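**Q** One structure coming up, written as structure tokens, with questions to follow.
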Amino acid sequence: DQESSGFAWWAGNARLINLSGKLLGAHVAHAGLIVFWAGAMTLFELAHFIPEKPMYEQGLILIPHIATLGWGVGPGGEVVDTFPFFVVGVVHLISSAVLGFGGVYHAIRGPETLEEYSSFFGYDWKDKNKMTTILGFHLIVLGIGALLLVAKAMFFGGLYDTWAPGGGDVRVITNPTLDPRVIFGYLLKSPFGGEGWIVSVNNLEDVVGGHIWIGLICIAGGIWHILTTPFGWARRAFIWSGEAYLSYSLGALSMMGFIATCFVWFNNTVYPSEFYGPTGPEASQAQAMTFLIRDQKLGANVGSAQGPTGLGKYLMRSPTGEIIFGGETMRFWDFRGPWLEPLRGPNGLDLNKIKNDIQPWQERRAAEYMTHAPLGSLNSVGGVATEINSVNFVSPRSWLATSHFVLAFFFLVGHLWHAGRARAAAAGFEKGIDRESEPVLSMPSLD
Amino acid sequence: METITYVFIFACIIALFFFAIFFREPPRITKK
Amino acid sequence: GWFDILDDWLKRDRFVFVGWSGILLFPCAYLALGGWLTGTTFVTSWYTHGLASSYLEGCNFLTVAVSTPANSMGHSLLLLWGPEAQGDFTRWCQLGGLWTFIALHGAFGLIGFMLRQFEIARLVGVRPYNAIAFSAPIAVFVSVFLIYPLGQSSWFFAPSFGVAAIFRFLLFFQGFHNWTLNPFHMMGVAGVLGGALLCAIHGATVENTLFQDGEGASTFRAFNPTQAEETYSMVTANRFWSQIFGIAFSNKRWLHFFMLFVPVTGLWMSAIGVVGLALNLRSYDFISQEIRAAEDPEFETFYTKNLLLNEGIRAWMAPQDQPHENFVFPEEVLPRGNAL
Amino acid sequence: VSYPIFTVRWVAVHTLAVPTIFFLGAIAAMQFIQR
Amino acid sequence: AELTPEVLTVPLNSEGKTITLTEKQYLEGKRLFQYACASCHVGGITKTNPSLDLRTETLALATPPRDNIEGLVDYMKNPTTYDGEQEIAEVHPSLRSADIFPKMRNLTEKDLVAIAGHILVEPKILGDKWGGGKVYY
Amino acid sequence: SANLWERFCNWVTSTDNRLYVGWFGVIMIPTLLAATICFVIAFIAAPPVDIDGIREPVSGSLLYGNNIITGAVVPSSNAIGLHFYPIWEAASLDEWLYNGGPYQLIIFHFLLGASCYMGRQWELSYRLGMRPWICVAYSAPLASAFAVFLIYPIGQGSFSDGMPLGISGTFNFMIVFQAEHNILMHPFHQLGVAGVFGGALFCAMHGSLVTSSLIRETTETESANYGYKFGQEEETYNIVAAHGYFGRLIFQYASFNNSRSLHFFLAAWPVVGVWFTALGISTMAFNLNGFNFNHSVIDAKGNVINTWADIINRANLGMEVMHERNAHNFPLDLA
Amino acid sequence: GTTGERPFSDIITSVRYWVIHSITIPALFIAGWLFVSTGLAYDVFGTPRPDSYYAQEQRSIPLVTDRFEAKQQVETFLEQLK
Ligand code: CLA
Ligand code: CLA
Ligand code: CLA
Ligand code: CLA
Ligand code: CLA
Ligand code: CLA
Ligand SMILES: C=Cc1c(C)c2cc3nc(c4c5[nH]c(cc6nc(cc1[nH]2)C(C)=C6CC)c(C)c5C(=O)[C@@H]4C(=O)OC)[C@@H](CCC(=O)OC/C=C(\C)CCC[C@H](C)CCC[C@H](C)CCCC(C)C)[C@@H]3C
Ligand SMILES: CC1=C(/C=C/C(C)=C/C=C/C(C)=C/C=C/C=C(C)/C=C/C=C(C)/C=C/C2=C(C)CCCC2(C)C)C(C)(C)CCC1
Ligand SMILES: CCCCCCCCCCCCO[C@@H]1O[C@H](CO)[C@@H](O[C@H]2O[C@H](CO)[C@@H](O)[C@H](O)[C@H]2O)[C@H](O)[C@H]1O
Ligand SMILES: [Cl-]
């Protein structure tokens, strides 16, 4: 049916731009690979998982995702039951077979096109309505999902709240922030130091609350598109084609990819330092904690200690007056964390609490996190580039963040590429300048 | 004295830029 | 006459053209490549640099290398049958005979190859600008792997053949010669960096300024291997750049000559800079800067900063990097900032 | 056509082909040396 | 140039008596030392307090003496300050505090002996490297 | 008036402008004029900047003792970190020039405009009926400025760790980088140099092959260039003679005969390589550094047998141990 | 577009080819393998065995210090059971 007199081999999948049916097998077969992975990897992680040892010290990145939703863990991120892990893993792994079946089926047996084998499923790219509608269906499926989380947290068990009053623990959220003024406030937050935008979310109420809003707002738009067609501008503005639509979704993922990179790198809440590693700033903070703690025991008055530059070996002031840790760590004075907060006063680190309220669990927390900063090599040798071999470790936060910046990036190229193609395809010149009517040749010389 | 020399050459390169962009030889087709 | 028969045979059009040049090229080119591949996996650099340097010892593709000879050897050609090795092969290996082997052989191999271009050019009847161009890489190899160490104490300070073993050559040059601050190295990079730009930029300008000569999307097939019309709108390209950059080509003959010039000139300059580093005639400091830094302790530029980085590189490396000097730097003498 | 066997191309191909495999064999063996 | 049983002969107790480890214990210690120490004691130093190292001499002047299997072993069970005038099991991994330092839960007397042996054997092989820091890398 | 705004949009978008001020241009032209104008003044007259937040001003402008090679525009303070520092955030300019305010005003406007510059490289191609993608080639060098001016700082927690705007200031960025990340030992940088070396290489190959196989139409004492007229129908060189020579240098199937496949390769190589180099800096911005083979090969007793990888570590320690003399107060460099 | 040589494609497909190389290729492989595994390579290249970098006690390097009497000096380094 389709061969070189369609597209070139290495652009093969573009030969499916107009075979709805087969183009469905792909998406159903692909969606299989993701479940397969998710499932197959979880079991791989669990197969190697050692209960009495930090998750971040085991190259885990899925078990910690489950742990956050309050599963198999308890006080301080202590692993209680590995069953929920095994479950989530096998279930996915199975569903991968189910989906994979459909994919293979729709791509090599079933109808090569859909429009005729059922007009409901068959579709037309330029069919502004079918499009607005299918989009509408998916906008609801995703919306239900957003609530599927709100449920697990409020009814089915909770989530891992590291800020837990009694100290990190699985907690049931029964008071989601629904106040729009606050929820949407986040979107109006600067993305720079301090005000961190979305990534500044720091308590589960907002997380849960906000997801409540998204679920509804999302399904609402799902119905709205089901029941409509793009207006006028919406039409005189966009390009309506198979590629153009792709592109738009490409640029969309890219952006979400960058936002994700920063979330796992900066956020403490939805990414508990207990399962992942300590954050970049969190670790630099802990070094200051550790040594202010040490030397203070040797009889040093941290409050008045003067360092080489005359700035304050242990404590100094930020640009707006607050008391922070000194040293290069002055750049991370925006770090907040369960272990360190009880030392903060209304003006920042309180010299009295630091002087006699430091608790042992904090001293060892600071020590732990200090010696587990997110520094490591490709071959997984934890530490600074000049370090010695021995401690095989690279923070999950480093792995996640890099992988996703690469993907996020290439996708932005993907966007540019597929969008550039769509605009030339539409107007129609994505295959060359018309030897005959060469546009440039009809334009006045600027010379 | 040095500052002046550095800025001068710079100022000269920018002048060049101008003339190069706006005072090139109009690029003529076929009959050249 | 046999000569013309010998010729006849050589200049015969095979799969892999031999030619008179080949009589020099292939023997060498293969020996050079061979010696490397040999040492990389079998010979060590223990008796030479106190370093493991082959797969057989545990090195991976990055850490392996054919290390230079001892500093004792000096500039000795280190011939298999010379005063050093004395005909013995294994000793030769342990004294780094394999370095001058790869070096000197590959050297002739670059001569042979350029000659080849010259010979094949002549036969096929085309202009030799492919040979002129290749002078650039010769210069680099010649000045760096030969002229340089010829100015130093011995072959020991020439770049050792290997991946990592080359990175230290880089770090060394920063630390000891403050090479990055050299006008010639800069031109060098301006050319290589600028050359890799023309490359990319011209390529894209062509692929996105093409005429349609086919009905397919994959426009590759739509090309006439047999000349005729220009395959891309040279006229459109001109207008594009003339409006986005302000300047734009308009004489493919020049646009292409320019592409030969930029990177070949760059490498030539980077060579001269090194020919000067041989005598240690480096571009290390700016005297006016040093004088002000001496009298005034609060004057600080990104330059002074760098020089301190060099001091550290030299002090912390010199010991295991120049074994023949039996350096011993007490912990208290080692330059270091606070805490680190 | 009636193509020959031992040709110039063949020689070359082996000068690189033969040693290579001999090395890949050597190296493959090193993966087991220890201490 | 090898790890002879001659090198694996390290002091067992304070009264001169010695014990001889085996290439199995050694490797095993080395593995355990990585599992529960490297984190902070990589290469014989101490990241969260660079003033105290694992150099045998340092352990010799410790109080009580911690430069023999018996010593280090006690330490891994009930840790103290260099003068021994204060127990630190609360902020230093040890058996009496495995609830706080899980990595120490598995650890059995067999394991503690290996880790201890490693500490006395390493400097024997590496020498100055073991104690010092980056200066010796 | 057919309608002012209707007209405006026709001018902006006009393909008859000497310089195509596009839609993207409307953002570009201003941001780029600010970046450029602020830079030039800074570089010439700005006063010392406390780059490391330790009250130890680094003067990098001509009028304050620098020359073209040393001079630079210094990065915002470390006291500032990633915080936004617009002029209206300072009690005074004196305060703004001391904390390295100019740096941000410049990097932000530049990065902004240089992106639109890409957006424009698309637009004009559209208004002219030519295929897009050129702008995608320019995504590589841009994706680098981004990596070196923004990603790395975001990753490291401060703009003071972004690459300075000056010659020597850049060498500083490099030398230190190497020490903290051992970049030379990272796959992505290597791919980077392959692309750059390769590019220059290929740039020379093409350049010569073509120039050497030009059809004669010029005198013996006449510039061989005149043999070409702007707006020619047929080609100016024998791409069949070119391929004929190059195919014999190496061997036929290892040589291009399709000008389109030649030029795709010519563009693909450097752009792909630089893409990786940019991803390298953007990746080592989260501390996933190069291979660490320190003390890998050890002998039968346990002794450490050095490799060139170790000689590299010493050179790195020298850099580590000496950079930022007075900025560190603790053991580990986690920032 | 052609020269005398028999089009690789044909050869890499000829059952004769494999009938020959299924023997030849693994042949060469097993040879080199043995070259390493029999310790022969170590002697052909004077490369130290894991237990031959230093003498038991010594921690010094066998650095060759003078060209002409180098070979002689190297031999002595092997002496101290290095
Ligand atoms: C959202 C996902 C997405 C989707 C659905 C598409 C879909 C499509 N793309 Mg786009 N693309 C994307 C993202 C996406 N792309 C991104 C992020 C980029 C930037 C790099 C591109 C760049 C791109 C280009 C440059 C081209 C397309 C083309 C096409 C069309 C044909 C497909 C094809 O050529 O397959 C054939 C696929 C291959 C030959 C596979 C190449 C393999 C990759 C490069 C290796 C990745 C490495 C891997 C991770 C390593 C594993 C190790 C290995 C040893 C096993 C198709 C409509 C083509 C077209 O004609 O345009 C309309 C085309 O030329 N795409
Ligand atoms: C994309 C996200 C992602 C992330 C963040 C991780 C993260 C992690 N993985 Mg997982 N993994 C993934 C996807 C991912 N993985 C997939 C898709 C698979 C199936 C193949 C696996 C299979 C897998 C296994 C089997 C294992 C891990 C392990 C690990 C952990 C150790 C990392 C490591 O050792 O890397 C080392 C890896 C590299 C240095 C490879 C870099 C490769 C890059 C992407 C290639 C760049 C080339 C480019 C594409 C070339 C194209 C150019 C051309 C077109 C011109 C780490 C937590 C390990 C673990 O759990 O042990 C503790 C482990 O054993 N992973
Ligand atoms: C994400 C993965 C992916 C997916 C889902 C598809 C999907 C598809 N491709 Mg694309 N393709 C891909 C990657 C992918 N491709 C890549 C990387 C390249 C570049 C090398 C191409 C190049 C390409 C070309 C050149 C062409 C396609 C075509 C097609 C379509 C027809 C399928 C076909 O020809 O079967 C042929 C059938 C077989 C020979 C059988 C293969 C075996 C099956 C599919 C796998 C069984 C899987 C598993 C082992 C069993 C599960 C069983 C269990 C559930 C019980 C189909 C929509 C064709 C098209 O345009 O459609 C008309 C076409 O011409 N593709
Ligand atoms: C991506 C989603 C997807 C989509 C859109 C389609 C679409 C289509 N399929 Mg395929 N299919 C899929 C996945 C999908 N399939 C998978 C994974 C498999 C493997 C099991 C198959 C196996 C398959 C077969 C064997 C056949 C089709 C056929 C068809 C076509 C006829 C319609 C039909 O079967 O109605 C079926 C009837 C319904 C409308 C009821 C479905 C309701 C189920 C029980 C619930 C699903 C629940 C869902 C998971 C949750 C959403 C709820 C949420 C909103 C709250 C249609 C084009 C037929 C065909 O080729 O004819 C042209 C056919 O014979 N499909
Ligand atoms: C993600 C899924 C999704 C998708 C793909 C679409 C897609 C579409 N929507 Mg729907 N919509 C959705 C979800 C979705 N919608 C939901 C959940 C709701 C309920 C709130 C709506 C409500 C909705 C309405 C009320 C309308 C649409 C319309 C449209 C169409 C044109 C939109 C447009 O021109 O935007 C481009 C818009 C602009 C010119 C404004 C650019 C300014 C943005 C908002 C700010 C700058 C962005 C910045 C980069 C982001 C940073 C974050 C910020 C908070 C600071 C398009 C088909 C329109 C239509 O035609 O209806 C049928 C329309 O009137 N949608
Ligand atoms: C034809 C190409 C060729 C060339 C140019 C070279 C060149 C070189 N080889 Mg290589 N070599 C080659 C092929 C080639 N080789 C091949 C195929 C092999 C594998 C067998 C080798 C194996 C090899 C080894 C094992 C060694 C070299 C070495 C060398 C270098 C110095 C050797 C020397 O002093 O020669 C002197 C030159 C001549 C013998 C030419 C004499 C020519 C005249 C016309 C003949 C007169 C002869 C007559 C008897 C004299 C009358 C005078 C009377 C007073 C006695 C030199 C760079 C050495 C090295 O690399 O050192 C570090 C080394 O050890 N080569
Ligand atoms: C480091 C990067 C770099 C490499 C690896 C490289 C490589 C090559 N360039 C060639 C050509 C060219 N390069 C050119 C311009 C440039 N080339 C550049 C940069 C490079 N060029 C730059 C920057 C330019 C612009 C000035 C031109 C104009 C040409 C050509 O015409 C030619 C070609 O054919 O194009 C494809 C090929 C010549 C082959 C040959 O002579 O075989 C025969 C000789 C042999 C095999 C002897 C090798 C001997 C050397 C001296 C010893 C090396 C030692 C070991 C074998 C190598 C391992 C060591 C490393 C790990 C460090 C070769 C593939
Ligand atoms: C179309 C196409 C394609 C694609 C494909 C795809 C995409 C596929 C998929 C597929 C899939 C997606 C599949 C899946 C499957 C699955 C399965 C088959 C599963 C199973 C499972 C199980 C069995 C489980 C269980 C268990 C447990 C629970 C535990 C223990 C162990 C075990 C494992 C046993 C290609 C490219 C080739 C080509 C062209 C065409
Ligand atoms: C291309 C456009 C060119 C026109 C633009 C205007 C450029 C003007 C640049 C300033 C040139 C003068 O720059 C200035 O020169 C004088 C010497 O003459 C230097 O010397 C100055 O400091 C020294 C002490 O260090 C004093 O003893 C001296 O009296 C004082 O003039 C200044 O430190 C330098 O800043
Ligand atoms: Cl510095």
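Chains: A, B, ... in order of the structure tokens. Residues: from 1 per chain. Ligands: from 1, in order shown.
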Within 12 Å of ligand 9 (counting only C-alpha atoms and all ligand atoms), which residues show up? I'd like them as a ChimeraX atom specification.
**A** /B:1-15 /C:292,295-296,299 /F:40-41,44-47,61-67
**Q** What residues have any atom no more than 10 Å from ligand 6 when counting only C-alpha atoms and all ligand atoms, and can you list them as a count of residues only?
**A** 38
**Q** Kindly provide, as a list in words, all nucleotide and amino acid residues lying within 7 Å of ligand 8, counting only C-alpha atoms and all ligand atoms.
**A**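 Based on only C-alpha atoms and all ligand atoms, ligand 8 is surrounded within 7 Å by residues 25, 26, 29, 30, 32, 33, 36, 90, 93, 94, 96, 97, 99, 100, 101, 103, 104 and 107 of chain A.
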**Q** Could you save those same residues with C-alpha atoms as a PDB file, in the first residue's frame?
**A**
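The result, written out as part_19.pdb:
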```
ATOM      1  CA  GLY A  25      -2.153   1.231  15.808  1.00  0.00           C
ATOM      2  CA  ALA A  26       0.987   3.309  16.242  1.00  0.00           C
ATOM      3  CA  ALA A  29       1.216   0.248  20.217  1.00  0.00           C
ATOM      4  CA  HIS A  30       3.354   3.117  21.464  1.00  0.00           C
ATOM      5  CA  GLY A  32       1.982   0.176  25.139  1.00  0.00           C
ATOM      6  CA  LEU A  33       5.733   0.753  25.304  1.00  0.00           C
ATOM      7  CA  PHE A  36       5.555  -1.730  29.462  1.00  0.00           C
ATOM      8  CA  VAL A  90       3.012  -5.930  37.507  1.00  0.00           C
ATOM      9  CA  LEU A  93       3.370  -4.666  32.770  1.00  0.00           C
ATOM     10  CA  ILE A  94       0.170  -6.613  32.043  1.00  0.00           C
ATOM     11  CA  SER A  96       1.176  -3.314  28.220  1.00  0.00           C
ATOM     12  CA  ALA A  97       0.288  -6.641  26.639  1.00  0.00           C
ATOM     13  CA  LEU A  99      -2.484  -2.309  24.595  1.00  0.00           C
ATOM     14  CA  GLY A 100       0.312  -3.873  22.541  1.00  0.00           C
ATOM     15  CA  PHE A 101      -2.246  -6.304  21.201  1.00  0.00           C
ATOM     16  CA  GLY A 103      -1.584  -1.609  18.517  1.00  0.00           C
ATOM     17  CA  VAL A 104      -0.262  -4.541  16.488  1.00  0.00           C
ATOM     18  CA  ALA A 107      -1.504  -1.523  12.349  1.00  0.00           C
TER      19      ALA A 107
END
```
**Q** If we count only C-alpha atoms and set the cut-off at 8 Å, which residues sit around residue 55 of chain G, ignoring sequence neighbours fewer than 4 positions away in its own chain? Please answer as number ranges by chain.
**A** E: 1; G: 59, 80-82
**Q** Using only C-alpha atoms, find the residues of chain E whose closest atom to chain C is at most 12 Å away, then write them as a PyMOL selection string.
**A** chain E and resi 50+132-137
**Q** How would the residues just chosen look if you wrote them out with N, CA, C and O atoms as a CSV table (one decimal), in the first residue's frame?
**A**
```csv
chain,number,residue,atom,x,y,z
E,50,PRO,N,36.9,17.0,59.1
E,50,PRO,CA,38.3,16.7,58.6
E,50,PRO,C,39.4,16.6,59.6
E,50,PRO,O,40.5,16.3,59.2
E,132,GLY,N,45.9,11.3,54.3
E,132,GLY,CA,45.8,12.6,53.7
E,132,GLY,C,44.6,12.7,52.7
E,132,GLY,O,43.9,11.7,52.5
E,133,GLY,N,44.4,13.9,52.2
E,133,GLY,CA,43.3,14.1,51.2
E,133,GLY,C,43.7,14.3,49.8
E,133,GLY,O,44.6,13.7,49.3
E,134,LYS,N,43.0,15.3,49.1
E,134,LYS,CA,43.3,15.6,47.8
E,134,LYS,C,44.8,15.8,47.5
E,134,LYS,O,45.2,15.6,46.4
E,135,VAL,N,45.5,16.3,48.5
E,135,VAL,CA,47.0,16.5,48.3
E,135,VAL,C,47.6,15.2,47.7
E,135,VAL,O,48.6,15.3,46.9
E,136,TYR,N,47.2,14.1,48.1
E,136,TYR,CA,47.7,12.8,47.7
E,136,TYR,C,47.0,12.1,46.5
E,136,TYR,O,47.6,11.1,46.0
E,137,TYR,N,45.8,12.5,46.2
E,137,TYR,CA,45.1,11.8,45.1
E,137,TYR,C,46.0,11.5,43.9
E,137,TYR,O,46.0,10.3,43.5
```
